[PDB]
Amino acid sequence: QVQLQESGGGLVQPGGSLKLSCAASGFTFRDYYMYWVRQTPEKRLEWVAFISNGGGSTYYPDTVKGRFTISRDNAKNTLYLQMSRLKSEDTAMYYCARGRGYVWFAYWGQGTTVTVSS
C-alpha cells in the first residue's frame, strides 16, 4: 500500500523559513514524479511544486517560485520542501502527493500545517 507521511510544520513568522519532509513507502520512490499541494484555511487547494523522479526537473507556480524549493533524496525515500521568506499567505496544510497514469495527485499524505503569524 502507498504511504506518504509529511512532517516539519509548526508556528513560524513572516520572513522566516522552515523545511518540510515527506517519507514515502509502499512503492518504488525513484520511479515517480512527486508533488507538494497545499490547502489554505478557506479550504482552497493550490499546487505548490513538482519534481521529476530523479530530481532533474522542478516547476513551481508564480506564487512561490523564488521562495520555495522542492528536492528529494531517493536513497532515503524522502521528499522535501524548503520554505523561505515566508508570507502570511503561506499558512496552509501542506500535502505531498504521487500520481498514477496521467493523474498528478492520485495518492495524498495526511498533511502538515504551517502557520505563519506576525
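Residues carry their position along the shown sequence, with the first being 1.
The PDB entry records a higher mean C-alpha B factor for 36-44 than for its counterpart among 36-44 and 89-97. Higher mean CA temperature factor, per the PDB entry, when comparing 68-76 with 23-31: 23-31. The PDB entry assigns residue 58 a C-alpha temperature factor belonging to the lowest third of its chain's modelled residues. Split the chain's modelled residues into thirds by C-alpha temperature factor. Residue 113 is in the lowest one.
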